[PDB]
Amino acid sequence: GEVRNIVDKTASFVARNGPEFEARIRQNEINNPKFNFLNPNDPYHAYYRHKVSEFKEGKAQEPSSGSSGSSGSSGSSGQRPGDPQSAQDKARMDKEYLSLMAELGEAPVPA
């Protein structure tokens, strides 16, 4: 029984590698009793979501200055289709996923 520690390390890894890293684990482990905190129904989800934000933003101070980013826009009718995940960020999240499971002490799997 170690879900609090799994949530801590998973939140650190998701905060580093983005919301697609959450989707990678959530699709692979959707019903797993250790990983169910990625579903919104769990008591652990509130701690998990807070830990991702903590890992993202930290607690370091910074002063506010200048005009707000709500002013203006990038341009009228600037819509475009989404790009595929063909970048090196895919090979990164694939290896970082192995590294998470290895640090949690979870079982390896062959290619």
# chains A, B, ... in the order shown; residues from 1 in each chain; ligands from 1
call {"tool": "residues_around", "arguments": {"residues": "stretch 57-63 of chain A", "least_positions_apart": "4", "cutoff": "12 Å", "atoms": "only C-alpha atoms", "output": "ChimeraX atom specification"}}
result
/A:12,15-16,50-53
call {"tool": "write_last_selection", "arguments": {"atoms": "N, CA, C and O atoms", "output": "short mmCIF file (atom, residue, chain, number, x, y, z; two decimals), in the first residue's frame"}}
result
data_model
loop_
_atom_site.label_atom_id
_atom_site.label_comp_id
_atom_site.auth_asym_id
_atom_site.auth_seq_id
_atom_site.Cartn_x
_atom_site.Cartn_y
_atom_site.Cartn_z
N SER A 12 5.18 14.51 -10.33
CA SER A 12 6.46 15.13 -10.70
C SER A 12 6.78 14.90 -12.19
O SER A 12 7.08 15.83 -12.93
N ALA A 15 3.99 16.74 -14.40
CA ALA A 15 4.27 18.18 -14.37
C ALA A 15 5.46 18.56 -15.28
O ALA A 15 5.42 19.61 -15.93
N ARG A 16 6.48 17.70 -15.36
CA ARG A 16 7.64 17.86 -16.25
C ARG A 16 7.31 17.60 -17.73
O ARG A 16 7.72 18.39 -18.59
N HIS A 50 -3.22 18.68 -7.21
CA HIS A 50 -2.48 19.69 -6.44
C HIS A 50 -0.96 19.50 -6.58
O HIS A 50 -0.25 20.47 -6.84
N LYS A 51 -0.47 18.26 -6.49
CA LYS A 51 0.96 17.95 -6.66
C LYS A 51 1.50 18.29 -8.04
O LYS A 51 2.62 18.79 -8.13
N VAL A 52 0.73 18.09 -9.11
CA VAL A 52 1.13 18.49 -10.48
C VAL A 52 1.35 20.00 -10.53
O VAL A 52 2.39 20.46 -10.99
N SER A 53 0.39 20.77 -10.00
CA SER A 53 0.48 22.24 -9.91
C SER A 53 1.68 22.69 -9.06
O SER A 53 2.41 23.60 -9.45
#
call {"tool": "residues_around", "arguments": {"residues": "residue A:4", "least_positions_apart": "5", "cutoff": "9 Å", "atoms": "only C-alpha atoms", "output": "ChimeraX atom specification"}}
result
/A:9,44,47-48
call {"tool": "select_by_dssp", "arguments": {"residues": "chain A", "states": "helix (DSSP H, G or I)", "output": "ChimeraX atom specification"}}
result
/A:3-17,19-28,36-38,43-57,89-103
call {"tool": "closest_residue", "arguments": {"among": "A:32, A:10, A:1, A:84", "to": "residue A:103", "atoms": "only C-alpha atoms"}}
result
A:10
call {"tool": "closest_residue", "arguments": {"among": "A:17, A:70, A:86, A:31", "to": "residue A:55", "atoms": "only C-alpha atoms"}}
result
A:17
call {"tool": "atom_distance", "arguments": {"atom1": "atom CA of residue A:54", "atom2": "atom CA of residue A:19"}}
result
14.7 Å
call {"tool": "residues_around", "arguments": {"residues": "residue A:20", "least_positions_apart": "5", "cutoff": "9 Å", "atoms": "only C-alpha atoms", "output": "list in words"}}
result
residues 14, 25 and 93 of chain A
call {"tool": "write_last_selection", "arguments": {"atoms": "N, CA, C and O atoms", "output": "PDB file, in the first residue's frame"}}
result
ATOM      1  N   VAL A  14       4.501  13.931 -14.673  1.00  0.00           N
ATOM      2  CA  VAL A  14       3.432  14.567 -15.469  1.00  0.00           C
ATOM      3  C   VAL A  14       3.650  16.085 -15.522  1.00  0.00           C
ATOM      4  O   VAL A  14       3.556  16.674 -16.597  1.00  0.00           O
ATOM      5  N   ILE A  25      -0.115   7.056 -19.153  1.00  0.00           N
ATOM      6  CA  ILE A  25      -0.326   6.184 -17.984  1.00  0.00           C
ATOM      7  C   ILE A  25      -1.809   5.846 -17.816  1.00  0.00           C
ATOM      8  O   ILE A  25      -2.151   4.676 -17.641  1.00  0.00           O
ATOM      9  N   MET A  93       8.949  10.971 -23.628  1.00  0.00           N
ATOM     10  CA  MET A  93       7.904  10.454 -22.724  1.00  0.00           C
ATOM     11  C   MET A  93       7.888   8.926 -22.660  1.00  0.00           C
ATOM     12  O   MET A  93       7.627   8.374 -21.596  1.00  0.00           O
TER      13      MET A  93
END
call {"tool": "atom_distance", "arguments": {"atom1": "atom CA of residue A:89", "atom2": "atom CA of residue A:111"}}
result
20.1 Å
call {"tool": "atom_distance", "arguments": {"atom1": "atom CA of residue A:34", "atom2": "atom CA of residue A:3"}}
result
5.8 Å
call {"tool": "closest_residue", "arguments": {"among": "A:5, A:40, A:18, A:109", "to": "residue A:90", "atoms": "only C-alpha atoms"}}
result
A:18
call {"tool": "decode", "arguments": {"residues": "stretch 72-103 of chain A", "atoms": "N, CA, C and O atoms", "output": "compact mmCIF listing (two decimals), in the first residue's frame"}}
result
# COMPACT_ATOMS: atom_id res chain seq x y z
N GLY A 72 -5.33 42.73 -26.93
CA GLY A 72 -5.09 42.35 -28.33
C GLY A 72 -5.30 40.85 -28.64
O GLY A 72 -5.94 40.12 -27.88
N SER A 73 -4.76 40.41 -29.78
CA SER A 73 -4.77 39.00 -30.24
C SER A 73 -3.61 38.72 -31.21
O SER A 73 -2.96 39.64 -31.71
N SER A 74 -3.37 37.44 -31.51
CA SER A 74 -2.39 37.00 -32.52
C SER A 74 -2.81 37.28 -33.98
O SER A 74 -1.96 37.31 -34.87
N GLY A 75 -4.11 37.51 -34.22
CA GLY A 75 -4.69 37.85 -35.53
C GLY A 75 -6.09 37.26 -35.75
O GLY A 75 -6.44 36.22 -35.19
N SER A 76 -6.89 37.91 -36.59
CA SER A 76 -8.24 37.45 -36.96
C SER A 76 -8.20 36.17 -37.81
O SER A 76 -7.35 36.03 -38.69
N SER A 77 -9.14 35.25 -37.57
CA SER A 77 -9.32 33.98 -38.32
C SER A 77 -8.07 33.07 -38.38
O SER A 77 -7.91 32.28 -39.31
N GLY A 78 -7.18 33.15 -37.38
CA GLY A 78 -5.89 32.46 -37.32
C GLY A 78 -5.92 30.95 -37.02
O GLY A 78 -4.94 30.40 -36.51
N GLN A 79 -7.05 30.27 -37.29
CA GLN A 79 -7.23 28.83 -37.05
C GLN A 79 -6.35 27.95 -37.96
O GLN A 79 -6.04 28.32 -39.10
N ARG A 80 -5.98 26.76 -37.46
CA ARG A 80 -5.17 25.74 -38.17
C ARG A 80 -5.42 24.33 -37.60
O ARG A 80 -5.76 24.22 -36.42
N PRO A 81 -5.23 23.25 -38.39
CA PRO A 81 -5.28 21.88 -37.88
C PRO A 81 -4.11 21.56 -36.93
O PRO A 81 -3.04 22.16 -37.02
N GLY A 82 -4.32 20.60 -36.02
CA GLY A 82 -3.29 20.13 -35.08
C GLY A 82 -2.22 19.25 -35.74
O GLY A 82 -2.52 18.43 -36.62
N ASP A 83 -0.97 19.40 -35.31
CA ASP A 83 0.18 18.58 -35.73
C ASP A 83 0.32 17.21 -35.02
O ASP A 83 -0.03 17.09 -33.84
N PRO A 84 0.83 16.16 -35.70
CA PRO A 84 1.11 14.86 -35.09
C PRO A 84 2.28 14.91 -34.10
O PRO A 84 3.19 15.74 -34.21
N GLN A 85 2.31 13.97 -33.15
CA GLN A 85 3.32 13.82 -32.09
C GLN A 85 4.65 13.20 -32.60
O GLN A 85 5.27 12.37 -31.93
N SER A 86 5.10 13.57 -33.80
CA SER A 86 6.29 13.03 -34.48
C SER A 86 7.63 13.54 -33.91
O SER A 86 8.69 13.00 -34.25
N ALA A 87 7.61 14.57 -33.06
CA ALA A 87 8.79 15.17 -32.43
C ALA A 87 9.48 14.26 -31.40
O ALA A 87 8.89 13.31 -30.87
N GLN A 88 10.73 14.59 -31.04
CA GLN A 88 11.53 13.85 -30.04
C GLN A 88 10.90 13.81 -28.64
O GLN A 88 11.22 12.92 -27.85
N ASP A 89 9.96 14.71 -28.34
CA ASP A 89 9.12 14.64 -27.13
C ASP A 89 8.36 13.32 -26.91
O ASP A 89 8.10 12.94 -25.76
N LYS A 90 8.05 12.58 -27.99
CA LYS A 90 7.47 11.23 -27.93
C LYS A 90 8.47 10.19 -27.40
O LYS A 90 8.17 9.48 -26.44
N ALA A 91 9.68 10.13 -27.97
CA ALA A 91 10.75 9.25 -27.48
C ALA A 91 11.16 9.58 -26.04
O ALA A 91 11.42 8.68 -25.24
N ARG A 92 11.13 10.88 -25.68
CA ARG A 92 11.30 11.37 -24.30
C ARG A 92 10.25 10.80 -23.36
O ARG A 92 10.63 10.15 -22.38
N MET A 93 8.95 10.97 -23.63
CA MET A 93 7.90 10.45 -22.72
C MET A 93 7.89 8.93 -22.66
O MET A 93 7.63 8.37 -21.60
N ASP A 94 8.23 8.24 -23.75
CA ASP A 94 8.40 6.79 -23.75
C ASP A 94 9.49 6.29 -22.79
O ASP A 94 9.24 5.39 -21.99
N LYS A 95 10.67 6.91 -22.81
CA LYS A 95 11.77 6.58 -21.89
C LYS A 95 11.50 7.07 -20.46
O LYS A 95 11.74 6.33 -19.50
N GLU A 96 10.96 8.27 -20.28
CA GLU A 96 10.56 8.81 -18.97
C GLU A 96 9.48 7.95 -18.30
O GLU A 96 9.50 7.77 -17.08
N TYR A 97 8.58 7.33 -19.08
CA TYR A 97 7.60 6.36 -18.59
C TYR A 97 8.23 5.07 -18.04
O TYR A 97 7.92 4.65 -16.92
N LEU A 98 9.20 4.50 -18.77
CA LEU A 98 10.02 3.38 -18.27
C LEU A 98 10.76 3.76 -16.98
O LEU A 98 10.80 2.98 -16.03
N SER A 99 11.29 4.99 -16.93
CA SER A 99 12.05 5.51 -15.79
C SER A 99 11.16 5.70 -14.55
O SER A 99 11.59 5.38 -13.45
N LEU A 100 9.91 6.15 -14.73
CA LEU A 100 8.92 6.24 -13.66
C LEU A 100 8.63 4.85 -13.08
O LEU A 100 8.78 4.63 -11.88
N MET A 101 8.29 3.88 -13.93
CA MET A 101 7.95 2.52 -13.51
C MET A 101 9.12 1.81 -12.81
O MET A 101 8.93 1.17 -11.78
N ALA A 102 10.35 2.00 -13.31
CA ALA A 102 11.57 1.48 -12.70
C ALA A 102 11.85 2.10 -11.31
O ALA A 102 12.22 1.38 -10.38
N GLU A 103 11.63 3.41 -11.14
CA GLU A 103 11.78 4.09 -9.85
C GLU A 103 10.71 3.71 -8.81
O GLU A 103 10.99 3.68 -7.61
